[PDB]
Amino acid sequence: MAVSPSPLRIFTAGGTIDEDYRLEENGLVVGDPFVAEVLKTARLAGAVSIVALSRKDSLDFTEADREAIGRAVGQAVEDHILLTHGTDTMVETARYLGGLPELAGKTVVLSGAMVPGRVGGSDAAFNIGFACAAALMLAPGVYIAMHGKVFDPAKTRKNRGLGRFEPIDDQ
């Protein structure tokens, strides 16, 4: 009888995508992983394991946290990986992962959202669909998937003011 394969694993490191309002803080905190909400209603043929690695706010996120993400991605059986993450340091994590030889036969995609998923008008659900497809279809490597396109982490910056990733032009 046919067994539907589950080629994709998702890891979550928090970020804007997962932010939610809490009364105590009178403001946003990093909440539960929004990617789980999106996949719950995606009516998937397979299944996707979603493993939560970290929810630190961006200021507290360290090298040691980035090392733990590399160990988790490297230890996964799956060769197709989506990491949801904050956009302010996504490029630094992507560049770090691109240097691990352990990742050489894996397609690893980083994504997230400029607007929290739990806020009206969020990019999150589109971005998760696009990034899931990217993780399945791209050749091995490390990529950022945002704005409905694929970015090379070595040639990308975050424009903090505009909430967009932009290519670094070759000179």
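For every residue, the number given is its place in the sequence shown, counted from 1.
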Check: 20 to 28 versus 147 to 155: which one carries the higher mean Cα B factor per the record?
Finding: 20 to 28
Notebook entry, point to check: With respect to the recorded C-alpha B factors, which stretch has the higher mean value, 61 to 69 or 138 to 146?
Noted result: 61 to 69
Check: Is the Cα B-factor recorded for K56 in the lowest, middle or highest third of its chain?
Finding: highest
Margin query: Which third, lowest, middle or highest, does the C-alpha temperature factor of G105 belong to within its own chain?
Written below: highest
Next item on the list: Could you say whether, by C-alpha temperature factor, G46 belongs to the lowest, middle or highest third of its chain?
Entry: highest
Notebook entry, point to check: Split the chain's modelled residues into thirds by Cα B-factor; is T84 in the lowest, middle or highest one?
Noted result: lowest
